[PDB]
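**Student:** Just structure.cif, nothing more (mmCIF, C-alpha atoms):
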```cif
data_upload
#
loop_
_atom_site.label_atom_id
_atom_site.label_comp_id
_atom_site.auth_asym_id
_atom_site.auth_seq_id
_atom_site.Cartn_x
_atom_site.Cartn_y
_atom_site.Cartn_z
CA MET A 12 15.79 -8.13 -8.76
CA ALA A 13 15.42 -4.77 -6.99
CA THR A 14 12.05 -4.12 -5.38
CA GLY A 15 12.30 -0.80 -3.51
CA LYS A 16 12.73 2.87 -4.32
CA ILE A 17 14.26 5.77 -2.42
CA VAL A 18 11.75 8.45 -1.47
CA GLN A 19 13.80 10.75 0.78
CA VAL A 20 17.43 11.58 1.43
CA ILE A 21 18.18 13.90 4.33
CA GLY A 22 21.85 13.80 5.18
CA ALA A 23 22.72 10.28 6.26
CA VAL A 24 19.08 9.17 6.60
CA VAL A 25 17.41 7.51 3.62
CA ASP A 26 13.76 6.46 3.33
CA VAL A 27 12.90 3.54 1.05
CA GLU A 28 9.43 2.30 0.11
CA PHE A 29 8.66 -1.33 -0.71
CA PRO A 30 5.47 -3.12 -1.71
CA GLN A 31 3.79 -4.01 1.54
CA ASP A 32 4.62 -7.70 1.17
CA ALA A 33 8.39 -7.29 0.85
CA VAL A 34 9.01 -4.78 3.65
CA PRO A 35 12.48 -5.57 5.06
CA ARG A 36 12.77 -6.44 8.72
CA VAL A 37 14.63 -4.21 11.14
CA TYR A 38 18.42 -4.39 10.92
CA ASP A 39 18.18 -5.93 7.47
CA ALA A 40 20.74 -4.66 4.97
CA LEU A 41 19.73 -3.03 1.69
CA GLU A 42 21.86 -2.22 -1.33
CA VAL A 43 21.84 0.55 -3.94
CA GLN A 44 24.17 1.76 -6.69
CA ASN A 45 25.30 5.25 -5.65
CA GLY A 46 26.79 6.03 -9.03
CA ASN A 47 29.50 3.62 -10.15
CA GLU A 48 29.82 2.52 -6.52
CA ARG A 49 27.78 0.26 -4.26
CA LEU A 50 26.24 1.48 -1.01
CA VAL A 51 24.46 -0.55 1.67
CA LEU A 52 21.79 0.74 4.04
CA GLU A 53 20.83 -0.71 7.43
CA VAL A 54 17.14 -0.62 8.30
CA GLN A 55 16.46 1.16 11.59
CA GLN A 56 12.67 1.47 11.63
CA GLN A 57 9.53 0.23 9.96
CA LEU A 58 7.25 3.24 9.88
CA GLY A 59 3.95 3.55 8.12
CA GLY A 60 2.91 1.46 5.17
CA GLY A 61 5.66 0.07 3.00
CA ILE A 62 8.18 2.74 3.93
CA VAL A 63 11.33 1.96 5.90
CA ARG A 64 13.85 4.40 7.37
CA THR A 65 17.52 3.46 7.10
CA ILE A 66 20.99 4.76 7.93
CA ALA A 67 23.48 4.75 5.08
CA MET A 68 26.70 2.84 5.77
CA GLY A 69 28.72 5.19 3.59
CA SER A 70 28.75 8.43 1.66
CA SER A 71 25.20 9.68 1.21
CA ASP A 72 26.13 12.27 -1.41
CA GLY A 73 25.03 11.52 -4.95
CA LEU A 74 21.80 9.71 -4.10
CA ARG A 75 18.76 10.55 -6.21
CA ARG A 76 15.16 10.02 -5.31
CA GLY A 77 13.73 7.02 -7.10
CA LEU A 78 16.84 4.87 -7.26
CA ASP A 79 16.17 1.15 -7.24
CA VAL A 80 17.03 -0.55 -3.96
CA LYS A 81 17.55 -4.27 -3.49
CA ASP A 82 17.04 -5.77 -0.05
CA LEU A 83 19.43 -8.40 1.15
CA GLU A 84 17.32 -10.67 3.33
CA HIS A 85 19.89 -10.87 6.13
CA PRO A 86 21.54 -8.40 8.50
CA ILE A 87 24.99 -7.04 7.84
CA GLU A 88 27.07 -10.21 8.04
CA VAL A 89 30.85 -10.32 8.02
CA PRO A 90 33.55 -12.91 7.30
CA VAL A 91 34.80 -14.76 10.36
CA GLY A 92 37.37 -17.31 11.40
CA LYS A 93 41.04 -17.91 10.80
CA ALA A 94 40.86 -16.22 7.40
CA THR A 95 40.68 -12.77 9.00
CA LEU A 96 43.91 -12.84 11.01
CA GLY A 97 46.35 -10.15 9.97
CA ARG A 98 43.80 -8.33 7.79
CA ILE A 99 42.17 -4.93 8.18
CA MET A 100 38.44 -4.65 7.55
CA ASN A 101 35.74 -2.02 7.68
CA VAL A 102 32.35 -2.40 9.36
CA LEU A 103 31.01 -4.31 6.35
CA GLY A 104 33.88 -6.79 6.42
CA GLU A 105 35.53 -5.57 3.28
CA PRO A 106 39.34 -5.42 3.20
CA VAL A 107 40.86 -1.95 3.40
CA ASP A 108 44.51 -3.07 3.41
CA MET A 109 44.75 -3.58 -0.38
CA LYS A 110 45.89 -7.20 -0.01
CA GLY A 111 42.77 -8.33 -1.87
CA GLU A 112 39.89 -10.68 -1.22
CA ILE A 113 39.62 -12.08 2.29
CA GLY A 114 39.27 -15.80 1.61
CA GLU A 115 36.42 -16.30 4.06
CA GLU A 116 34.72 -19.66 4.49
CA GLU A 117 31.79 -18.47 6.61
CA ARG A 118 29.83 -15.31 7.37
CA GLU B 3 -10.81 19.35 12.00
CA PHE B 4 -10.02 19.98 8.34
CA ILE B 5 -11.35 23.50 7.75
CA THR B 6 -7.89 24.71 6.77
CA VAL B 7 -6.49 21.76 4.81
CA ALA B 8 -9.68 21.63 2.75
CA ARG B 9 -9.40 25.14 1.30
CA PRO B 10 -6.79 24.39 -1.41
CA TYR B 11 -8.61 21.31 -2.64
CA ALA B 12 -12.02 22.97 -2.77
CA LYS B 13 -10.51 25.95 -4.57
CA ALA B 14 -8.77 23.75 -7.13
CA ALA B 15 -11.85 21.62 -7.72
CA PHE B 16 -14.00 24.71 -8.23
CA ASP B 17 -11.55 26.50 -10.52
CA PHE B 18 -11.41 23.32 -12.59
CA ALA B 19 -15.18 22.81 -12.64
CA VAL B 20 -15.64 26.36 -13.93
CA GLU B 21 -13.25 25.93 -16.86
CA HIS B 22 -15.41 23.02 -18.02
CA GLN B 23 -18.87 24.35 -17.08
CA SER B 24 -19.57 21.22 -15.04
CA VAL B 25 -20.04 22.78 -11.59
CA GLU B 26 -23.19 20.79 -10.89
CA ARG B 27 -21.67 17.44 -11.82
CA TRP B 28 -18.64 18.21 -9.66
CA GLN B 29 -20.85 19.11 -6.72
CA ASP B 30 -22.75 15.84 -6.95
CA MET B 31 -19.49 13.91 -7.39
CA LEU B 32 -18.00 15.48 -4.27
CA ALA B 33 -21.25 14.88 -2.39
CA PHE B 34 -20.98 11.19 -3.22
CA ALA B 35 -17.30 10.96 -2.28
CA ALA B 36 -17.91 12.67 1.05
CA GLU B 37 -20.60 10.07 1.69
CA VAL B 38 -18.47 7.03 0.91
CA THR B 39 -16.03 8.50 3.41
CA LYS B 40 -18.68 8.11 6.13
CA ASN B 41 -19.43 4.40 5.66
CA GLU B 42 -18.58 2.26 8.67
CA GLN B 43 -16.13 -0.02 6.86
CA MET B 44 -14.46 2.63 4.71
CA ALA B 45 -13.84 4.87 7.71
CA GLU B 46 -11.94 1.91 9.15
CA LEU B 47 -9.76 1.56 6.06
CA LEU B 48 -9.03 5.29 5.87
CA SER B 49 -7.43 5.21 9.32
CA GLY B 50 -5.12 2.22 8.91
CA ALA B 51 -1.70 2.77 7.38
CA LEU B 52 -2.11 1.62 3.80
CA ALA B 53 0.12 2.86 1.04
CA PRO B 54 -1.48 5.88 -0.68
CA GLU B 55 -1.75 4.34 -4.15
CA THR B 56 -3.48 1.29 -2.65
CA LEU B 57 -5.92 3.17 -0.45
CA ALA B 58 -6.75 5.45 -3.37
CA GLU B 59 -7.47 2.53 -5.68
CA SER B 60 -9.64 0.74 -3.13
CA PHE B 61 -11.55 4.00 -2.69
CA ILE B 62 -11.92 4.53 -6.44
CA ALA B 63 -13.29 1.01 -6.73
CA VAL B 64 -16.31 1.97 -4.61
CA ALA B 65 -17.34 4.76 -6.99
CA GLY B 66 -18.50 4.49 -10.58
CA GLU B 67 -20.23 7.84 -10.02
CA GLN B 68 -16.95 9.73 -10.53
CA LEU B 69 -15.99 10.89 -13.99
CA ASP B 70 -12.99 8.68 -14.43
CA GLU B 71 -10.54 11.44 -15.25
CA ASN B 72 -11.06 14.45 -13.06
CA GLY B 73 -12.80 13.13 -9.95
CA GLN B 74 -10.57 10.11 -9.59
CA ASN B 75 -7.54 12.36 -10.06
CA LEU B 76 -8.71 14.50 -7.16
CA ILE B 77 -9.12 11.37 -5.07
CA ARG B 78 -5.62 10.26 -6.01
CA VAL B 79 -4.09 13.60 -5.03
CA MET B 80 -5.92 13.81 -1.72
CA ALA B 81 -4.89 10.21 -1.05
CA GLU B 82 -1.24 10.92 -1.82
CA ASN B 83 -1.36 13.71 0.73
CA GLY B 84 -3.22 11.58 3.26
CA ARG B 85 -6.33 13.76 3.33
CA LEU B 86 -9.25 11.63 2.16
CA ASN B 87 -10.99 12.34 5.46
CA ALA B 88 -11.18 16.01 4.47
CA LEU B 89 -13.79 15.43 1.78
CA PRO B 90 -16.82 16.27 3.98
CA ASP B 91 -15.27 19.74 4.29
CA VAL B 92 -14.15 20.02 0.69
CA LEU B 93 -17.85 19.69 -0.08
CA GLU B 94 -18.86 22.52 2.24
CA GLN B 95 -16.24 24.91 0.91
CA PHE B 96 -17.11 23.96 -2.66
CA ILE B 97 -20.72 24.89 -1.98
CA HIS B 98 -19.50 28.12 -0.42
CA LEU B 99 -17.33 29.09 -3.38
CA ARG B 100 -20.26 28.31 -5.65
CA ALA B 101 -22.71 30.43 -3.66
CA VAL B 102 -20.18 33.26 -3.82
CA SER B 103 -19.60 32.86 -7.55
CA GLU B 104 -23.32 32.89 -8.40
CA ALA B 105 -24.05 35.67 -5.88
CA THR B 106 -26.48 33.63 -3.79
CA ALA B 107 -27.15 33.63 -0.05
CA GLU B 108 -29.33 31.69 2.37
CA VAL B 109 -30.97 33.47 5.31
CA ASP B 110 -32.40 31.84 8.40
CA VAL B 111 -35.40 33.62 9.90
CA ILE B 112 -36.15 32.56 13.47
CA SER B 113 -39.38 33.62 15.14
CA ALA B 114 -41.73 32.81 17.99
CA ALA B 115 -44.35 31.89 15.38
CA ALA B 116 -44.55 31.35 11.64
CA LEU B 117 -44.75 34.48 9.51
CA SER B 118 -47.59 35.75 7.34
CA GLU B 119 -45.88 35.18 3.96
CA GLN B 120 -46.13 38.90 3.24
CA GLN B 121 -43.56 39.58 5.95
CA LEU B 122 -41.40 36.93 4.29
CA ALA B 123 -41.75 38.65 0.92
CA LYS B 124 -40.65 41.97 2.38
CA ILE B 125 -37.81 40.32 4.32
CA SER B 126 -36.40 38.68 1.21
CA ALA B 127 -36.82 41.91 -0.75
CA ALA B 128 -34.93 43.76 1.99
CA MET B 129 -32.07 41.29 2.34
CA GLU B 130 -31.57 41.10 -1.43
CA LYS B 131 -30.70 44.78 -0.92
CA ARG B 132 -28.60 44.36 2.22
CA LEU B 133 -26.77 41.74 0.17
CA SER B 134 -26.21 41.72 -3.57
CA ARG B 135 -27.19 38.06 -3.54
CA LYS B 136 -30.48 36.45 -4.44
CA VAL B 137 -31.58 35.12 -1.06
CA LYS B 138 -33.43 32.01 -0.08
CA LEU B 139 -35.15 31.99 3.30
CA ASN B 140 -35.45 29.19 5.82
CA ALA B 141 -38.12 30.14 8.31
CA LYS B 142 -37.67 28.47 11.67
CA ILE B 143 -39.74 28.58 14.83
CA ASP B 144 -38.47 28.90 18.40
CA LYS B 145 -40.73 29.86 21.29
CA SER B 146 -37.88 31.09 23.50
CA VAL B 147 -37.95 34.30 21.55
CA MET B 148 -41.48 35.55 22.10
CA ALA B 149 -41.94 38.41 19.63
CA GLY B 150 -40.06 40.00 16.81
CA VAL B 151 -37.66 38.00 14.67
CA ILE B 152 -34.02 36.98 14.33
CA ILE B 153 -32.42 37.32 10.90
CA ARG B 154 -29.16 35.41 10.55
CA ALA B 155 -27.26 35.67 7.27
CA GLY B 156 -23.87 34.03 7.52
CA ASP B 157 -22.03 35.40 10.53
CA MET B 158 -24.17 38.56 10.54
CA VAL B 159 -27.33 38.61 12.63
CA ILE B 160 -30.05 41.17 13.30
CA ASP B 161 -31.42 40.59 16.80
CA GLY B 162 -34.95 41.86 16.38
CA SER B 163 -36.37 39.59 19.06
CA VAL B 164 -37.99 41.05 22.14
CA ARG B 165 -35.96 38.46 24.06
CA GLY B 166 -32.92 40.39 22.91
CA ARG B 167 -34.54 43.67 23.94
CA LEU B 168 -35.08 42.31 27.44
CA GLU B 169 -31.59 40.92 27.89
CA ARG B 170 -30.17 44.18 26.51
CA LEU B 171 -32.26 46.27 28.89
CA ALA B 172 -31.22 44.22 31.90
CA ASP B 173 -27.57 45.10 31.29
CA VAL B 174 -28.13 48.84 31.03
CA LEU B 175 -29.08 48.83 34.70
CA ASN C 4 -31.40 9.61 -3.22
CA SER C 5 -30.07 10.36 0.25
CA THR C 6 -30.87 6.83 1.50
CA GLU C 7 -30.30 4.67 -1.56
CA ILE C 8 -26.84 6.26 -1.67
CA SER C 9 -25.94 4.74 1.69
CA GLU C 10 -27.50 1.45 0.63
CA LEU C 11 -25.52 1.39 -2.61
CA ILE C 12 -22.34 2.17 -0.70
CA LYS C 13 -22.91 -0.76 1.65
CA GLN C 14 -23.68 -3.02 -1.31
CA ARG C 15 -20.60 -1.97 -3.26
CA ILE C 16 -18.38 -2.41 -0.21
CA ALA C 17 -19.74 -5.92 0.20
CA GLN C 18 -18.86 -6.43 -3.47
CA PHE C 19 -15.17 -5.57 -3.02
CA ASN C 20 -15.09 -7.17 0.45
CA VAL C 21 -13.29 -4.37 2.24
CA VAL C 22 -13.89 -5.51 5.80
CA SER C 23 -13.32 -4.66 9.45
CA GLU C 24 -11.09 -6.53 11.86
CA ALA C 25 -12.42 -8.79 14.54
CA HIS C 26 -12.65 -6.83 17.76
CA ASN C 27 -10.05 -8.98 19.54
CA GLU C 28 -7.55 -8.91 16.66
CA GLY C 29 -5.34 -6.45 14.83
CA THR C 30 -2.32 -5.95 12.59
CA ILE C 31 1.08 -4.42 13.29
CA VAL C 32 1.63 -1.28 11.22
CA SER C 33 4.93 0.04 12.59
CA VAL C 34 7.98 -1.24 14.45
CA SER C 35 10.82 0.68 16.05
CA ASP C 36 13.02 0.47 19.13
CA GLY C 37 10.83 -2.17 20.75
CA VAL C 38 7.55 -0.27 20.37
CA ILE C 39 4.87 -1.38 17.93
CA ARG C 40 1.74 0.36 16.69
CA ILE C 41 -1.22 -1.96 16.18
CA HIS C 42 -4.24 -1.17 14.04
CA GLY C 43 -7.47 -2.75 15.26
CA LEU C 44 -7.93 -4.31 18.69
CA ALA C 45 -11.09 -2.34 19.30
CA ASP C 46 -11.52 -4.26 22.56
CA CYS C 47 -7.96 -3.85 23.83
CA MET C 48 -7.94 -2.40 27.33
CA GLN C 49 -5.24 -0.24 28.85
CA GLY C 50 -2.57 -2.45 30.39
CA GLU C 51 -3.73 -5.61 28.61
CA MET C 52 -1.43 -8.39 27.42
CA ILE C 53 -1.29 -8.77 23.64
CA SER C 54 -0.03 -12.05 22.21
CA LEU C 55 2.37 -11.79 19.27
CA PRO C 56 3.59 -14.55 16.96
CA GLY C 57 6.37 -16.62 18.46
CA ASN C 58 4.61 -16.86 21.83
CA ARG C 59 5.58 -13.41 23.08
CA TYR C 60 3.66 -10.59 24.73
CA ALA C 61 3.30 -6.84 24.40
CA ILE C 62 1.70 -4.46 26.90
CA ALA C 63 -0.90 -2.05 25.54
CA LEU C 64 -0.01 1.37 26.96
CA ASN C 65 -1.33 3.94 24.47
CA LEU C 66 -4.91 3.49 23.26
CA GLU C 67 -4.99 6.27 20.71
CA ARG C 68 -7.90 7.29 18.53
CA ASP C 69 -6.83 5.00 15.68
CA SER C 70 -4.10 2.62 16.89
CA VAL C 71 -2.67 0.86 19.94
CA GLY C 72 0.91 1.51 20.99
CA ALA C 73 2.42 -1.41 22.88
CA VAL C 74 5.89 -2.24 24.18
CA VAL C 75 7.35 -5.65 23.33
CA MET C 76 8.39 -7.86 26.25
CA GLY C 77 11.27 -9.64 24.57
CA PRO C 78 13.30 -9.63 21.38
CA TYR C 79 11.47 -7.40 18.92
CA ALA C 80 13.63 -7.30 15.80
CA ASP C 81 11.79 -10.17 14.10
CA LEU C 82 8.41 -8.43 14.16
CA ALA C 83 7.26 -6.90 10.89
CA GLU C 84 4.54 -4.64 9.59
CA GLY C 85 1.63 -6.89 8.64
CA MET C 86 1.73 -9.56 11.34
#
```
Please rewrite the model in this file as structure tokens.

**Tutor:**
Amino acid sequence: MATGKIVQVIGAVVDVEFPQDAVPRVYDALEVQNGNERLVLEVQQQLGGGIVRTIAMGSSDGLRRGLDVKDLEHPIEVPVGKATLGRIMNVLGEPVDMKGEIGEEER
Amino acid sequence: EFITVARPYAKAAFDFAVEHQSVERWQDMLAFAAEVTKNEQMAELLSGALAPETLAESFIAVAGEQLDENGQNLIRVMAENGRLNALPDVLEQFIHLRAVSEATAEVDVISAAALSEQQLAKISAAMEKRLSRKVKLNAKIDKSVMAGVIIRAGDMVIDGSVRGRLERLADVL
Amino acid sequence: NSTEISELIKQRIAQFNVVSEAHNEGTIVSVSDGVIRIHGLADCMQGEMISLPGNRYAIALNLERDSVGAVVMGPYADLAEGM
């Protein structure tokens, strides 16, 4: 389930508020549906009560206030090992060479 | 200090209280809220970073003296803006807007000795002409001034004391 | 009423058990770039050593009117608002 909501969007910087139990830790990765397309946010700061300031790892345009945000409980983690040889990947470890899924065994 | 951030809230609370002819209930409700703000434990909670809709509810819990719709709504707005500490000033400016609306004023009269109660009658009769407002008086005594009287009405004062005459003579020379 | 108001306030606070911190204890309320803001610690003294979970220390540098700002002497990313 998704437990946070966007409260600001200023350029690339997005503020998300959680109930004060579930506040993500710093460098945790969040996720939100920016339209028909997924977008992940990396927590930079825990400021004030419940609110968390993040940097969007992607296009910020199209974000509304009040979108539901789901917090992955781990930092940005990428596929590793022999499976990645000869592939191209972006910062999130997704393939950008159009040869399809990576075939990772471990992240 | 919250003299400036209190003005909008006092004005809104008064304009609302007038529409419903409940000015007195609103004044007592604000006077209670501004008191719960002063308690030792609540003043601790108001400073720590709680989420607004949690701080507001914990504050509402401590008051059954607030008419559940319109007083609690004011508390919720002030909490959303992070201004619950401004209530002690919302109260003062509410009283001020009321005194203006009802054309009332309150004059301090400061003297070396208490007055003869005919002087007070003439003073009130005079000020109710200097000002359109029906005036209360608060007589006060101060033996630094030694004759005459000081009349202070708001930020206006009439320095009738002989102490003033002396200090104002000294600076002519 | 001016006195029984204060008494009723104290009573009703005791009812809902809103309470003050111990003087030697406090809660983190903000984390960023290795600096934390602590709420409480009424007895914290400038330059003191504050003991975090995980057997780590922070140095109290800013004793502001409502919170203590301290720098974390170690890895800080695992700290969280509430500890």

**Student:** Report as a ChimeraX atom specification the full result of the PyMOL selection byres ((chain B) within 7 of (chain C)) when it is applied to this structure.

**Tutor:** /B:38,43,46,49-51,64

**Student:** With only C-alpha atoms considered, list every residue of chain A at most 12 Å from chain C, as a list in words.

**Tutor:**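 So the contacting residues turn out to be residues 29, 30, 31, 32, 33, 34, 35, 36, 37, 38, 39, 54, 55, 56, 57, 58, 59, 60, 61, 62, 63, 64, 65, 85 and 86 of chain A.
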
**Student:** For the residues in that selection, give me C-alpha atoms as a tab-separated table (two decimals), in the coordinates of the input.

**Tutor:**
```tsv
chain	number	residue	atom	x	y	z
A	29	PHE	CA	8.66	-1.33	-0.71
A	30	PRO	CA	5.47	-3.12	-1.71
A	31	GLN	CA	3.79	-4.01	1.54
A	32	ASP	CA	4.62	-7.70	1.17
A	33	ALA	CA	8.39	-7.29	0.85
A	34	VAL	CA	9.01	-4.78	3.65
A	35	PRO	CA	12.48	-5.57	5.06
A	36	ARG	CA	12.77	-6.44	8.72
A	37	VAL	CA	14.63	-4.21	11.14
A	38	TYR	CA	18.42	-4.39	10.92
A	39	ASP	CA	18.18	-5.93	7.47
A	54	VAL	CA	17.14	-0.62	8.30
A	55	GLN	CA	16.46	1.16	11.59
A	56	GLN	CA	12.67	1.47	11.63
A	57	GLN	CA	9.53	0.23	9.96
A	58	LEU	CA	7.25	3.24	9.88
A	59	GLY	CA	3.95	3.55	8.12
A	60	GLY	CA	2.91	1.46	5.17
A	61	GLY	CA	5.66	0.07	3.00
A	62	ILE	CA	8.18	2.74	3.93
A	63	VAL	CA	11.33	1.96	5.90
A	64	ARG	CA	13.85	4.40	7.37
A	65	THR	CA	17.52	3.46	7.10
A	85	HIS	CA	19.89	-10.87	6.13
A	86	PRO	CA	21.54	-8.40	8.50
```

**Student:** Do you know which residues are at most 12 Å from residue A:100 counting all atoms listed in the file, after dropping those on the same chain fewer than 6 positions away, and could you put them as an mmCIF file with C-alpha atoms, in the coordinates of the input?

**Tutor:**
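File result_35.cif, as written:
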```cif
data_model
loop_
_atom_site.group_PDB
_atom_site.id
_atom_site.type_symbol
_atom_site.label_atom_id
_atom_site.label_comp_id
_atom_site.auth_asym_id
_atom_site.auth_seq_id
_atom_site.Cartn_x
_atom_site.Cartn_y
_atom_site.Cartn_z
ATOM 1 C CA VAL A 89 30.850 -10.320 8.020
ATOM 2 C CA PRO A 90 33.550 -12.910 7.300
ATOM 3 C CA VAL A 91 34.800 -14.760 10.360
ATOM 4 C CA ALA A 94 40.860 -16.220 7.400
ATOM 5 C CA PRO A 106 39.340 -5.420 3.200
ATOM 6 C CA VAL A 107 40.860 -1.950 3.400
ATOM 7 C CA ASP A 108 44.510 -3.070 3.410
ATOM 8 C CA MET A 109 44.750 -3.580 -0.380
ATOM 9 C CA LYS A 110 45.890 -7.200 -0.010
ATOM 10 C CA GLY A 111 42.770 -8.330 -1.870
ATOM 11 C CA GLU A 112 39.890 -10.680 -1.220
ATOM 12 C CA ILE A 113 39.620 -12.080 2.290
#
```

**Student:** So what does the PyMOL selection byres ((chain B) within 12 of (chain A)) actually pick up in this one, as a PyMOL selection string?

**Tutor:** chain B and resi 49-57+84

**Student:** Rank B:86, B:148, B:128, B:8 by their smallest atom-to-atom distance to residue B:115, using all atoms listed in the file, and report the top residue only.

**Tutor:**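 Of B:86, B:148, B:128, B:8, the one nearest residue B:115 is B:148, counting all atoms listed in the file.
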
**Student:** Expressed in Å to a single decimal, how great is the separation between atom CA of residue A:70 and atom CA of residue A:45?

**Tutor:**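 Atom-to-atom, atom CA of residue A:70 to atom CA of residue A:45, that is 8.7 Å.
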
**Student:** Taking the file as shown, what set of residues would the PyMOL selection byres ((chain C and resi 77) around 9) give back, as a list in words?

**Tutor:**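 This file, filtered by the PyMOL selection byres ((chain C and resi 77) around 9), leaves residues 37, 59, 60, 61, 75, 76, 78 and 79 of chain C.
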
**Student:** Would you pick out the contacts of stretch 25-30 of chain B at 12 Å or less, using all atoms listed in the file, so that residues sharing its chain but fewer than 4 positions from it are not included, and give the list as an MDAnalysis selection string?

**Tutor:** (chainID B and resid 12 14:21 34:37 67:69 71:74 76 89:90 92:101 103:104) or (chainID C and resid 4:5 8)

**Student:** Give me, please, the distance in Å between atom CA of residue B:152 and atom CA of residue B:107, quoted to one decimal.

**Tutor:**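 Distance between the two atoms: 16.3 Å.
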
**Student:** Extract, using all atoms listed in the file, all DNA, RNA and protein residues at most 10 Å from stretch 49-54 of chain C, discarding same-chain residues fewer than 4 positions from it, and format them as a count of residues only.

**Tutor:** 18

**Student:** Separation of atom CA of residue A:87 and atom CA of residue C:55, in Å?

**Tutor:**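 Distance reported for this atom pair: 25.8 Å.
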
**Student:** Excluding residue B:116 and any residue of its chain fewer than 3 positions from it, enumerate the residues within 8 Å of it, using all atoms listed in the file, and give them as a PyMOL selection string.

**Tutor:** chain B and resi 113+141-143

**Student:** Env of residue A:72: 12 Å cut, atoms = only C-alpha atoms, seq-sep filter 2 positions within chain, self excluded. Answer as a count of residues only.

**Tutor:** 18

**Student:** Report, as JSON, the centre and edge lengths in Å (one decimal) of the axis-aligned box enclosing every listed atom of stretch 143-162 of chain B, padded by 3 Å on each side.

**Tutor:**
```
{"center_x": -32.0, "center_y": 35.2, "center_z": 15.4, "size_x": 25.9, "size_y": 19.3, "size_z": 22.2}
```
